[PDB]
Amino acid sequence: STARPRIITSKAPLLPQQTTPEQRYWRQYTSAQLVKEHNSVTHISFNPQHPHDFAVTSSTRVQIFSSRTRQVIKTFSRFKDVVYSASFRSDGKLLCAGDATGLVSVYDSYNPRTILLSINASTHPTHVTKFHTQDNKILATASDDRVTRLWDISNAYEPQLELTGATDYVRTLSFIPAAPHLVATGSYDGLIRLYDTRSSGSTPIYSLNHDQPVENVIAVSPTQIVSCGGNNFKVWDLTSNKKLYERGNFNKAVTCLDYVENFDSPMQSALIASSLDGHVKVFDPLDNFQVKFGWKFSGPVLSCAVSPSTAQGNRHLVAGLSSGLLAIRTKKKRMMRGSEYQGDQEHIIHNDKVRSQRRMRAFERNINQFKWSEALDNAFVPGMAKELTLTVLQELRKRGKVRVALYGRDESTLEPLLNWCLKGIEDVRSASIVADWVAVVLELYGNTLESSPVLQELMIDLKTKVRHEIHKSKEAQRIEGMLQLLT
Amino acid sequence: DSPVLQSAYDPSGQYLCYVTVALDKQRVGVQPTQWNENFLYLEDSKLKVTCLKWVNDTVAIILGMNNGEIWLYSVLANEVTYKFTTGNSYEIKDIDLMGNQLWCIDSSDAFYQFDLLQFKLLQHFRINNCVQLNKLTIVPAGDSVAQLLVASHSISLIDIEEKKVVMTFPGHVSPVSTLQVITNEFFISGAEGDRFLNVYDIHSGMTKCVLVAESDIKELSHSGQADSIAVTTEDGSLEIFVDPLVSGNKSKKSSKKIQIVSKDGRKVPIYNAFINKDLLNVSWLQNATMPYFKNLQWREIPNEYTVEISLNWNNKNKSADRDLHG
Amino acid sequence: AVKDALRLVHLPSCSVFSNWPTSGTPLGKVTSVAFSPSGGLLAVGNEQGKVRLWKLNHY
Amino acid sequence: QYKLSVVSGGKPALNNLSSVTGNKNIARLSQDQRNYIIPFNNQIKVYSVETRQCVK
Amino acid sequence: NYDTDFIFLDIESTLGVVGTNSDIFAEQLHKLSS
Amino acid sequence: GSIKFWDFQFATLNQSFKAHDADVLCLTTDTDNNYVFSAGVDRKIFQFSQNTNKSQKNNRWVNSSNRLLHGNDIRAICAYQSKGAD
Amino acid sequence: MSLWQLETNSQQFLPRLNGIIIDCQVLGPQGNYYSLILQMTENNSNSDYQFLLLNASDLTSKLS
Amino acid sequence: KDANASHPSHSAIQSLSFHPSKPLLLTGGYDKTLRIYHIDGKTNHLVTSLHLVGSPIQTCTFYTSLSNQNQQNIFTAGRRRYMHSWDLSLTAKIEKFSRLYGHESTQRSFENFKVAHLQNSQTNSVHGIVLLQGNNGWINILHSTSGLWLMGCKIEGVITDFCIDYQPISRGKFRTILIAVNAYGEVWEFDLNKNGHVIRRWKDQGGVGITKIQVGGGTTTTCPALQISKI
RNA sequence: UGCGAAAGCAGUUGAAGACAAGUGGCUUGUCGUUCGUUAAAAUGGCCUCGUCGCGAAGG
């Protein structure tokens, strides 16, 4: 003996925009929940050590959401002006928020009733603050006093390091993720700088010039960093000290970046960017930073962030727009005692239990039970789909006989064949099967066409559909001709 | 614990004759030691065998049973050839032959001589100061039918013509279980439950050496010249003393330790090995009754030895007509 | 059904054996019983996951 | 120094007649039902049923 | 065939290559136990 | 459709047949019961036989012959025999 | 492979033997092996048979 | 000594049996395994222990053929539709009896069966037979080696249990008898060395809810013979 | 049937015999019949294995 061959479903052949696995994995992000906020959602950060929380930065009101239920769980509203930068320490325990009054405050997580300490920065709005990645207790704050500073939170009274050397509107910081003594900054004249923290820290050891005023500087490796300003993002490498990639597939200036490594995906590394245009686009740092997928939202997206590498639950993409709301696109990952014994100590184990197959279709068991006319009739029920109907038509063509499947019909049951065939003749992959099926039905039912008046209008508008389709295919043949000219 | 009641190797290590129980009978059997299975049962549970010994001219076994008989039983033919008897219904506790002269002790302290060429009784006698008996051995000095060695809880070298005790050795605190003569003058002895073998001179009564093992013993087997004695211990290991009559001055520790561990991590026991010159016949129960063997090279293996054997423990039954994915 | 729920009846005189199946016997919730063909062994398997084996002295 | 050497077997080569026999099968089992004796055009195979090898 | 020879085939379809007292007691026991 | 042949004394089933495919509605025999003709609602009238001498030694019925004859149904049947008509 | 018990005229079916059948009969001591001589007709070139017998237990094949 | 001491079990011991000549006590339960001990007085050990995943075994028993005495099958059946046949001659193979031929709507389960010999009454081809509990009133018999249907007898009410008598006719020739109960108390005894038709039917004097029947004193399932004339 | 390209190219088609039916002969049909040419129709359709506490012939 043998088994039974499963009735295949011949899907769509090589149409363009083919389904690549990276766009499959990003395509399965569903349920785009849209949450209103009060003002422009400037900054969004995530929780490092338990990637289950993310912090959003509205005007005067910093919220933190959880990834399990995607509702607001805590607020932070002891801010005397608009609040700008929200960041987490790497042990996930304390939230640093830089506001516009300059008194940059650090709370701890889930306890807004206790401000841990208030760093007095300059009179200028402290526009970005973030903790160090390697060390915990050093905190980088850049205000628009054309300067940035490193504070030790233990010795919170004084600036531990005073990083000057930037001209106009210092705006982003990132630390080189292997050597902790290398701190990279960005300003609004371009000229992405970086400094050694052991040095005096008053001039960059080497600067890198994005010609546009740089908008975000992140690190994806110890070797290469990614800086963006204007309508293109440029990858620089520190070892070659040189720009080596630039993609400009946007309209307006790209406004935020981030990176994710080693997470559960066919695409290993992924750098996604928000672009102030309505699009957030993912780029693949493996093969020369090509674009891979892009989500469109209903206004200029001002920041975006994805869930980190080890999220362990519902993985998130989030993007705060400047219009006043926020987009979350998520993906989600005593008598019967012996009857679980499962054979531990026993000598010889025998196993031939057949797995239950998935449930066969109605037309599949009809063709397998050889009732061919019933297979055709249960095939042309409007509860079925296009590829299923095409495959049962292909099956009856290839194996049985369409003459046999039509040998006992009448005026009535010959209608839904032609009624499907009207929609089926127009598209590409069906029209040959439509052609020979309506050809053999008009071969076999000519005298009933003479008697019965009902399907005559079906034959008439099938003639019109054939004329419409021969006109369309003739002009497409003309386009094939003129491409043969242009080659 | 063993379901083999008791077993005995033939001389020159070829056939193991072993008696086990099988539904209140006594499945005796002979197995070659390189498939021999059609071997007999006796009648009911009140006729179990008590001792057994080979005889190597045909080849046969003698079974000293408990009802009062000795059964001379062939091996090539399956039937019992002859049934030696006493006049008493008392339990024969040990038998030993020497050429034609057979000698069986009783449980009622008697001694009987026999001969397996004339098939009749010769002498039927008891002696004083031997109040229990459970071992005896005719001594090797050629056809020295005289000067045999009886043994129970103390060892008595007794004559057959002076017919009285000529020397008395100290035994154990237990009834003796193994007494075997290894030279023309030395004999090893050892009770059950204790780990102590002691060898005795037959002419002085001085305990020359004491052998020790990591457990109490079940059966010993010596070489042809008393230079290697292998005992099987009750925890299922094999302890071989090499060259046990040299001079670590009075009490020799065990030299070679062979135990058999299957390739799933399960220790299987070893009973009744046999060591002639430069080989070892290790026997062990694979299934519940059918035994397997191994001819291990004796002098070249290291001091300890975990012999590996394959055994079914979680093997998926791949059939000769199916595939792996069914 | 119940604990210690086995009996033996002497079949020719159809009497019931008095002395053996007493409460000092650990029959348990008996769910199988089987005789040997010639040894007079008697296996009783109970619900707790063991089988005890008596021997009848007469056979 | 080349040579041709027959190595492998062919069709089973039954009693391929034109309906001259209704017993068109000349294979056999041994009386100990463990061995299948089967003729070929080129060989005479003997198989063992519990192992399904060419046992000779 | 890539073992450096050739294989042909017939139509009487065969394939071919273009090529370049213990012992006596044990015997009696094995005889009598069957 | 289960045409079942029950024994009269001892009152149980001698043999059975799931021959028919729907409701059996009538049946008959002949004067010495070598034949039982059944006919149902799927119009397949078929004839069980007991004609051979070994089959009447066993008194066991075979599912001998089948015949379709009709368009829609059977709702009744009858049989007759003579020495000039059957 | 269709085997018909005659006391009800009812069948047990083996559906696909990758070939049409030419000869088949029982060959056991009491009928515990089914011989089969199948032919595999989908090539009209050669007369390429295929011998198989199969035990009647679960109708699994043995030594095609 | 406890017969399940050398190897522990895990469910209720749903069936015990013995080999009819060899010293083997076969044990099977709801922990989807079946062991076979070699048993004696002081100890008892495991010999093999097959373990069938997926399928429990409500009842499992030895079978030796009467003619050749060299078959040694194990017939193990659970609450599913299949029974398993093991052959013993010392890994090991089994077969999955799962094909009622003509009568598939009469076996809800193989939950209870028996095994019995049969001489075929025109030639002395003694072969084994398994016998299954039906669902309406049926009891099917089968063939032990091949697995053909042979016949299915039927009583009314519910089949509750049944047992196998034997009776000799001449030297080396015997006719078997299947005795089967109702759930009320009138039983049918029909021989099946010819085709299975009832030769006697009688009512239990009293008895309403009856649950088991066992015949014997001579030979039966718990003690068959090995010579045919020892029936 | 032969070639060849997946399209097309060139060409077959008889002789005898047997048997049956229908009207002693005569018309019509089938070939487990021979030679020669490279030359639809019996109510009959493909299996199961998804299934449901202790206690050695008393205390």
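A chain's residues are numbered here from 1, following its sequence as written, a convention that may not match the entry; residues for which no coordinates exist are omitted. Here chains are named by letter from A upward and ligands by number from 1 upward, in the order in which they appear as written. Keep in mind that this is only part of a larger assembly, and the values describe that part, not the whole. Side-chain figures throughout are based on the complete set of non-hydrogen atoms in the structure, without hydrogens or water. Residues with missing side-chain atoms are left out of burial classes, side-chain pairs and their counts.

### Things to note about the overall build of chain A
Right, on to step 1. Within chain A one finds nine helices and 28 strands.
Right, on to step 2. Taken against the 2.2 N^0.38 rule, which gives 23 Å for 487 residues, the C-alpha radius of gyration of chain A at 32 Å runs more than 25% over that of a compact globule.
Right, on to step 3. The C-alpha extent of chain A, read off along each of the three principal axes, is 100 × 80 × 45 Å.
Right, on to step 4. The burial tally for chain A puts 46% of its 487 residues in the buried class.
Right, on to step 5. Every accessible area reported is derived by Shrake-Rupley at a probe size of 1.4 Å, with residue values counting cover from the shown protein chains alone. When the accessible area of chain A is evaluated, it comes to approximately 25,100 Å², of which 51% is carbon and sulfur surface.
Right, on to step 6. Between the centroid of the 59 positive side chains of chain A and the centroid of its 48 negative side chains there is a distance of 4 Å. What counts as a helix is a DSSP run of H or I of at least four residues, what counts as a strand is a run of E of at least two, and both are numbered from the N terminus. In this treatment the radius of gyration is a C-alpha quantity, and the globule benchmark scales as 2.2 Å times the residue count to the 0.38 power. Throughout this description, buried means an accessible area under 20% of the type-specific maximum (1.4 Å probe, protein chains only), exposed means over 50%, and partly exposed covers the range between. Two residue types count as positive, namely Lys and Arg, and two as negative, namely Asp and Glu; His and chain ends fall outside the count. We put the charge of a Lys on NZ, of an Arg on CZ, of an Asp on CG and of a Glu on CD.

### A short note on the overall build of chain F
Right, on to step 1. A tally of regular secondary structure across chain F gives one helix and six strands.
Right, on to step 2. In sequence order, chain F lays out its α and β elements as β-β-β-β-β-α-β.
Right, on to step 3. Each principal axis of the C-alpha atoms in chain F carries an extent, and together these give about 40 × 35 × 20 Å.
Right, on to step 4. A burial count over chain F gives 31% of its 86 residues as buried.
Right, on to step 5. Two residues qualify as a contact provided that any one of their heavy atoms is within 4.5 Å of a heavy atom in the partner residue. Restricting to contacts in chain F with at least 6 residues of sequence separation, those with at least 24 account for 36%.
Right, on to step 6. When the accessible surface of chain F is split by element, carbon and sulfur atoms take 49% of a total near 5,600 Å².
Right, on to step 7. For chain F, the centre of its 10 positive side-chain charges and the centre of its 8 negative side-chain charges are spaced 6 Å apart.

### A word on the sheet that holds strand 8 (residues 94-97) of chain H
Residues and elements named next belong to chain H.
Right, on to step 1. Two strands are counted as paired when DSSP detects at least two bridges linking them. Taken in spatial order, the four strands of this open sheet run 5-6-7-8, and their pairing is antiparallel. For this open sheet the edge positions go to strand 5 (59-63) and strand 8, each flanked by a neighbour on one side alone. Geometrically, the sheet is characterised by an average inter-axis angle of 20 degrees between neighbouring strands, direction not taken into account.
Right, on to step 2. Pairing between strand 7 (residues 83-87) and strand 8: four bridges, direction antiparallel. Counted as the bridge partner of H84 is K96 from strand 8. Here, axes are lines fitted to C-alpha atoms. For helices the fit covers the stretch in contact, and angles between N-to-C directions go from 0 to 180 degrees.

### A few points about a positive patch on the surface
Right, on to step 1. Only residues above 30% relative accessible area that lack a salt bridge enter a patch, with like-charged residues linked at up to 9 Å and the nonpolar side chains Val, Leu, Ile, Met, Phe, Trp and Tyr linked at up to 5 Å. Salt-bridge detection follows one rule: a side-chain nitrogen of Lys or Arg within 4 Å of a carboxyl oxygen of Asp or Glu. Taken together, the side chains of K463, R467, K474 and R478 of chain A define a basic patch exposed on the protein surface.
Right, on to step 2. When you line up the elements, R478 of chain A lands in helix 9 (residues 456-486).

### Examining a negative patch on the surface
Right, on to step 1. Residues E192, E214, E234 and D235 of chain B make up a contiguous surface patch of negative charge.
Right, on to step 2. Turning to its location among the elements, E214 of chain B is positioned in the loop between strand 19 (207-212) and strand 20 (217-222).

### Brief notes about the pairing of strand 2 (residues 15-19) of chain E
Right, on to step 1. In terms of residue burial, strand 2 of chain E counts as a mostly covered element, since four of its five residues are buried.
Right, on to step 2. Strand direction decides the pairing type here: strand 1 (residues 3-8) of chain D and strand 2 of chain E, joined by five bridges, are antiparallel. Its bridge partner being in strand 2 of chain E, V6 of chain D is matched across the sheet by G16 of chain E.
Right, on to step 3. For strand 1 (residues 6-9) of chain E and strand 2 of chain E, the ladder comprises four bridges, and the chain directions are antiparallel. Residue pairing across strands places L9 of chain E opposite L15 of chain E, the latter belonging to strand 2 of chain E.
Right, on to step 4. A loop of five residues connects strand 1 of chain E with strand 2 of chain E, the two strands running antiparallel in sequence.

### Digging into the packing of aromatic side chains
Right, on to step 1. Two rings from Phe, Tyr or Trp (for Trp, the six-membered ring) form a pair when their centres sit within 6.5 Å of each other. Planes less than 30 degrees apart are called stacked, planes more than 60 degrees apart edge-to-face, and all others tilted. As enumerated under the stated definition, the model contains 39 aromatic pairs over all chains in all.
Right, on to step 2. The interplanar angle of 80 degrees and the centroid separation of 5.1 Å between the aromatic rings of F84 of chain B and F114 of chain B together place this pair among those described as edge-to-face. Pair noted here: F84 of chain B is in strand 7 (residues 80-85) and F114 of chain B is in strand 10 (residues 111-115), with a separation of 30 residues, a long-range link. By the burial criterion, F84 of chain B is buried, and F114 of chain B matches it.
Right, on to step 3. Among the aromatic residues, ring-to-ring pairing joins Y25, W26, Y29, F263, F293 and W295 of chain A into one connected group.
Right, on to step 4. Criterion for a charge above a ring: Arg CZ or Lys NZ at most 6 Å from the ring centre, at most 35 degrees from the ring normal. Above the face of the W71 of chain B ring, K83 of chain B is positioned so that its terminal group lies 5.2 Å from the ring centre.
Right, on to step 5. Its end group placed over the ring of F40 of chain D, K45 of chain D keeps NZ or CZ at 5.2 Å from the ring centre.

### A closer look at the interface of chain H and chain A
Right, on to step 1. Counting residues at the interface gives 23 residues for chain H, matched by 18 residues for chain A.
Right, on to step 2. What gets called buried area is simply the loss in accessible area from a 1.4 Å probe that two parts show on being joined, summed for both. Roughly 1,800 Å² is buried in total at the junction of chain H and chain A, and carbon and sulfur atoms are behind 56% of that figure.
Right, on to step 3. The largest per-residue losses of area from chain H upon contact with chain A belong to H10, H51 and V53 of chain H, which jointly make up 31% of the total buried on that side.
Right, on to step 4. Taken together, the connections running from chain H to chain A amount to one salt bridge.
Right, on to step 5. Polar contact is defined as a pair of N or O atoms within 3.5 Å, subject to the rule that within protein one atom must be able to donate a hydrogen and the other to accept it, and that residues adjacent in sequence are counted only when both atoms are side-chain atoms. Taken together, the connections running from chain H to chain A amount to twelve residue pairs in polar contact.
Right, on to step 6. Of all the elements, strand 4 (residues 44-52) of chain H adds the most residues to the side of chain H that touches chain A, at seven residues.
Right, on to step 7. For the side of chain H that touches chain A, the residue count by class is nine nonpolar, ten polar and four charged.
Right, on to step 8. With three bridges joining them, strand 28 (residues 348-350) of chain A and strand 4 of chain H adopt parallel strand pairing. Its bridge partner being in strand 4 of chain H, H350 of chain A is matched across the sheet by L52 of chain H. For this classification, the nonpolar set comprises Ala, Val, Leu, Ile, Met, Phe, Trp, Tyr, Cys and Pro, the charged set comprises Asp, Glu, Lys and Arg, and every other residue, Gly included, is treated as polar.

### Quick notes on the nonpolar core
Right, on to step 1. Take the buried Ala, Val, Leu, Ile, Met, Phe, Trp, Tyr and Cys residues and link them wherever side-chain atoms come within 4.5 Å; each set so joined is a nonpolar core. Membership of the largest hydrophobic core comes to 32 residues, with the highest contact counts inside it found for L376, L406, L417 and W437 of chain A.
Right, on to step 2. Those elements that place two or more of their residues in this core are helix 2 (362-368), helix 3 (372-379), helix 4 (386-398), helix 5 (402-405), helix 6 (415-424), helix 7 (431-444) and helix 9 of chain A.
Right, on to step 3. It is helix 7 of chain A that contributes the most residues to this core, seven residues altogether.
Right, on to step 4. One finds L3 of chain G together with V115, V130 and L142 of chain H within the second-largest nonpolar core, a separate group that totals 24 residues.

### Some words on the protein's contact with RNA strand I
Right, on to step 1. Proximity is defined per residue: if any heavy atom of the residue lies within 4 Å of a molecule or strand, that residue is considered near it. Neighbouring RNA strand I are 30 residues, the closest being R359 of chain A, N19 of chain C together with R80, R81 and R99 of chain H.
Right, on to step 2. Within 4 Å of the protein, the contacting atoms of RNA strand I are drawn from sugar and phosphate to the extent of 45%.
Right, on to step 3. Contact distances for RNA strand I include 2.9 Å between a phosphate oxygen and a backbone N or O atom of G24 of chain C.
Right, on to step 4. One of the side-chain N or O atoms of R81 of chain H is found 2.4 Å from a sugar or linking oxygen in RNA strand I.

### Considerations on the UniProt feature "repeat: WD" in chain A
Residues and elements named next belong to chain A.
Right, on to step 1. Residues annotated by UniProt as "repeat: WD" correspond here to residues 36-77, 78-117, 123-161, 165-205, 209-246 and 249-293.
Right, on to step 2. The span residues 209-246 is 0% helical and 55% strand by assignment, and the distance between its end C-alpha atoms comes to 13 Å.
Right, on to step 3. Annotated as 0% helix and 44% strand, the span residues 249-293 places its first and last C-alpha atoms 12 Å apart. UniProt positions are given in the numbering used here, feature names are shortened, and annotations may be inferred rather than shown by experiment.

### Notes on unusual backbone geometry
Right, on to step 1. Non-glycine residue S19 of chain D carries a positive phi angle of around 60 degrees.
Right, on to step 2. Note on placement: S19 of chain D falls in the loop between strand 1 and strand 2 (28-29).
Right, on to step 3. Here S19 of chain D falls in the exposed class, since its relative accessible area comes to 67%.
Right, on to step 4. If you check the backbone angles, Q72 of chain H has positive phi at about 55 degrees while not being a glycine.

### A few points about the packing of helix 6 of chain A against helix 7 of chain A
Residue and element names in this part refer to chain A.
Right, on to step 1. Contact geometry for helix 6 and helix 7: axes closest at 10 Å, N-to-C directions at 145 degrees. Two packed elements cross with a definite hand, and for helix 6 against helix 7 that hand is left-handed. Residue-level contacts link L417, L418, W420, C421 and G424 of helix 6 to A431, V434, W437, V438 and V441 of helix 7.
Right, on to step 2. Residues that form the contact of helix 6 with helix 7 fall into these classes: nine nonpolar, one polar and no charged. Each crossing is labelled by how the near helix is turned from the far one, with a counterclockwise turn of less than a right angle marking it left-handed and a clockwise turn marking it right-handed.

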